[PDB]
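The structure appears right after this line, and notes come after that.
Lettering of chains follows the sequences in order, A, B, ..., and the numbering in each one begins at 1. Note that ligands are numbered from 1 as they come in the structure, with each ligand's atoms numbered from 1 the same way.
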Protein chains: 2
Amino acid sequence: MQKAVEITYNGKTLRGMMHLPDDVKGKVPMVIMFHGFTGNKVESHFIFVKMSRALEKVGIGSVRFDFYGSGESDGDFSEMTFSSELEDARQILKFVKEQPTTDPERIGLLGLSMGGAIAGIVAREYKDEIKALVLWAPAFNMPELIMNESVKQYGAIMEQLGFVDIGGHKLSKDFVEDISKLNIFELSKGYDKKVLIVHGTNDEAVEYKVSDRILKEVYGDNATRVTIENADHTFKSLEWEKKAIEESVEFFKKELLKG
Amino acid sequence: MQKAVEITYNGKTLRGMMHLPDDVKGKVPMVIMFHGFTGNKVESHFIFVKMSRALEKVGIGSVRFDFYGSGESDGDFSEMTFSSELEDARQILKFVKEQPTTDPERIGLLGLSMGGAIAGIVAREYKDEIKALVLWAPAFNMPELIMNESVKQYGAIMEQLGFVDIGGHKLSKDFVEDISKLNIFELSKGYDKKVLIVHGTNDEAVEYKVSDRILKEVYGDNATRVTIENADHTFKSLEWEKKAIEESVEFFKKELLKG
Ligand SMILES: CCCCCCCCCC
Ligand SMILES: CCCCCCCCC
Ligand SMILES: CCCCCCCC
Ligand SMILES: CCCCCCCC
Ligand SMILES: [Cl-]
């Protein structure tokens, strides 16, 4: 079962998709997926859609929304900050918890790239009601990656205009000021339930070493990593995306279906 | 107004978005937008959503669906052919024609890249009921671009496997067999209503010369070209995207809001 859904708060409408298992009756586990920077809820080569349908096959529902300023949701990219996507995510969690078909004890979070940073922080904020966490190429170093651009041509334009063009998207100086005050590693530490990190070794956006840092600095024994050998940032191949999906589904199967 | 919509036919379910003006009610003009190859209804840097919202502002509604096999719609990419997207497009036009809010005399088509090839053929096939046509970087040379790979590494893989991996998408030999029989230039020739072609000079996917071929071989004086100087294939900058959308909205405003 796949059907479009809508969230509205503070005059903002978020547009998303919800999947529920056809066979199962009653309350089901739910995985919430957060997309990345300039991405949307379908994500690269439809990997989020494929992930939703793979979960549905094992009895696990899901929702995927576009953050405010991206995709089908309301707003322009220039209004978005990392913190405004955090507040979207809290509203998305609230939406899921309030669905009559949700098992509130079996809600999982999944995030890709900057969406992995969102997922890690929301997991920590709601550590007693998020059952499991999956991080795909999580951009915990997003603040550094943005600040590194301030000394390049982006920084000079930003100073003249208050925004920069990142390729058909208006990135506001508000985004830079907001993210420069955040430490994703610190804000994510303290989540004690099971974590799965999926990272490709040839990731040129979020270098593979970031997953080393997350295993070392953020989590304890509750986190394990699936390394996709030679894969790029979004697992852009049939074999790579299949490994990413299948490992994440089996992980969510283990953590959300029993206990 | 923006809302999710569905079409179910021949066991296939297509999923899309419909926009209606808020400030003008009753029967309104409608623009159907077709996305490109491996794209989806949001399209590159959300340009289709931005287009839908810019049309709303001038009193023009729109729909945009994911083709079967792409995005939010049903199906695997390996099930898709150019001809199956053409049949999708026929069902989308039927859907639009059957909405009570649609002015049946004021329906326009827009297509990007391979979606532009879809729009050109559909406009010609329904030439007496499509009031205006907008082509963005139209991939009328799609058959040649596919057959050009038959002598490259893709061709050798295709022969061994019956499909190729184009980056997390499975492209079937059925797609190759189907498109090798199609001449998009010939199938679009004869549409006599107004046409706008928008093309970037630095397009490296569909070379700008293709627009020269379309102006010469496909349409008469009813076609006009807007050249976006120095732009790439999907107008990936704020200024390029702004020009593409503004010129296309003013064209649809002139052609659909007449009389
Ligand atoms: C406009 C290009 C859309 C993606 C085409 C990909 C073809 C195979 C590239 C390796
Ligand atoms: C592959 C053909 C490209 C034609 C446009 C080139 C623009 C400068 C790179
Ligand atoms: C992982 C890349 C996301 C888009 C970045 C755009 C600015 C370089
Ligand atoms: C920008 C860092 C990239 C690290 C992986 C490089 C693989 C060729
Ligand atoms: Cl949608």
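- Heavy-atom proximity to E204(B), at under 4.0 Å, picks out these atoms of ligand 2: 1 (C), 3 (C), 9 (C).
- Annotation: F185(A) is not in aromatic contact with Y219(A) [ring centroid separation under 6.0 Å not met].
- Nearest-heavy-atom check against atom 7 (C) of ligand 3 across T38(A), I166(A), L145(A), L112(A) picks out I166(A).
- Among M33(B), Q2(B), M17(B), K41(B), the single residue meeting the side chain to side chain contact (heavy atoms under 4.5 Å, CB included) criterion with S52(B) is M33(B).
- For ligand 3, the atoms sitting less than 4.0 Å from at least one non-hydrogen atom of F37(A) are 3 (C), 4 (C), numbered in the order shown with element in parentheses.
- Protein heavy atom closest to atom 8 (C) of ligand 3, with residue, atom name and distance, is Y154(A) OH, 4.6 Å.
- For atom 8 (C) of ligand 1, a protein heavy-atom neighbour is found at a distance under 4.0 Å.
- The protein heavy-atom contact nearest to atom 5 (C) of ligand 2 is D203(B) O, 3.7 Å.
- Ring geometry, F34(A) versus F67(A): the interplanar angle falls under 30°, so the pair is classed parallel (tilted spans 30 to 60°).
- Taking the charged nitrogens against the carboxylate oxygens, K50(B) and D76(A) have no contact shorter than 4.0 Å, which rules out a salt bridge.
- In this structure, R15(A) pairs ionically with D74(A), as a charged nitrogen and a carboxylate oxygen lie closer than 4.0 Å.
- In this structure, the protein non-hydrogen atom closest to atom 4 (C) of ligand 1 is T38(B) OG1, 3.6 Å.
- Nearest protein neighbour of atom 10 (C) of ligand 1, counting heavy atoms only, is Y154(B) OH, 3.1 Å.
- The closest donor-acceptor contact from the side chain of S84(A) to the backbone of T81(A) lies under 3.5 Å.
- Annotation: atom 3 (C) of ligand 1 to nearest protein heavy atom, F37(B) O, 3.3 Å.
- In this structure, the ring of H45(A) has its center no less than 6.0 angstrom from the ring center of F235(A).
- Nearest to atom 6 (C) of ligand 1 among the protein's heavy atoms is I166(B) O, 4.5 Å.
- Atoms of ligand 3 lying under 4.0 Å from at least one heavy atom of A205(A), given by number and element, are 1 (C).
- For atom 1 (C) of ligand 1, the closest heavy atom belonging to the protein is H233(B) CD2, 3.7 Å.
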Practice problem: Take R64(B) and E43(B) through the salt bridge (charged side-chain N to carboxylate O under 4.0 Å, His left out) test and state the conclusion after the steps. | Solution: CA-CA 10 Å; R64(B) 30 197 192 71; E43(B) 261 302 343; over 6 Å; no
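- Nearest to atom 7 (C) of ligand 2 among the protein's heavy atoms is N202(B) OD1, 3.4 Å.
- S73(B) contributes no side-chain N or O that, together with a main-chain N or O of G69(B), makes up a donor-acceptor pair within less than 3.5 Å.
- Protein heavy atoms come within 4.0 Å of atom 3 (C) of ligand 3.
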